[PDB]
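Last residue of the sequence shown: number 170 in the entry's author numbering, and the count goes up by one each step with no gaps. Where a beta carbon is used, it is the ideal one built from N, C-alpha and C, also for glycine. The structure appears right after this line, and notes come after that.
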Amino acid sequence: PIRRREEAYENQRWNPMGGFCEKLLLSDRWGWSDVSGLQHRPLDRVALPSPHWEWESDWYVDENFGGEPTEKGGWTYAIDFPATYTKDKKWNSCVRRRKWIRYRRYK
């Protein structure tokens, strides 16, 4: 079976009012992006390459990070989006992201 995994990151920043939320800085990456932040990856717009592909399920969070489970929710935390991520919120974490995945299969 020929199978290909798509992924997309949901990116959030902490705000005194919203907590971790969808309000980002004008300098920040897209709220929905690839791992680099440079590519826009809204989930509903990742298309199948052709009608010969179908999705195996809906999008779901990959609750894994660095070869080990994440905490529930799949979030990882960092001081800023380009910095180093951990499964746990540190005292100086100002951002967080989680990885959504979806498999497509060829017919």
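Taking C-beta atoms under 8 Å as the contact rule, residue 104 and residue 71 qualify, at a distance of about 4 Å. Counting C-beta atoms within 10 angstroms of its own C-beta, residue 163 has 16 or more neighbours from the protein chains shown and is therefore classed as buried.
The continuous beta strand (DSSP E) containing residue 164 extends over residues 158 to 169. For residue 66, the three-state secondary structure derived from DSSP is strand. The region 112 to 127 and the region 153 to 170 touch, with no fewer than 3 CB-CB distances between them shorter than 8 Å.
In terms of Cβ geometry, residue 137 and residue 158 do not form a close pair [threshold 8 Å].
For the pair residue 86 and residue 170, the Cα-to-Cα distance works out to about 41 Å. Closest by C-alpha distance to residue 96, out of 111, 69, 82, is 69. Taken through DSSP and simplified to helix, strand or coil, residue 108 comes out as helix.
Around the beta-carbon of residue 147, fewer than 16 other beta-carbon atoms lie within 10 Å, marking it exposed.
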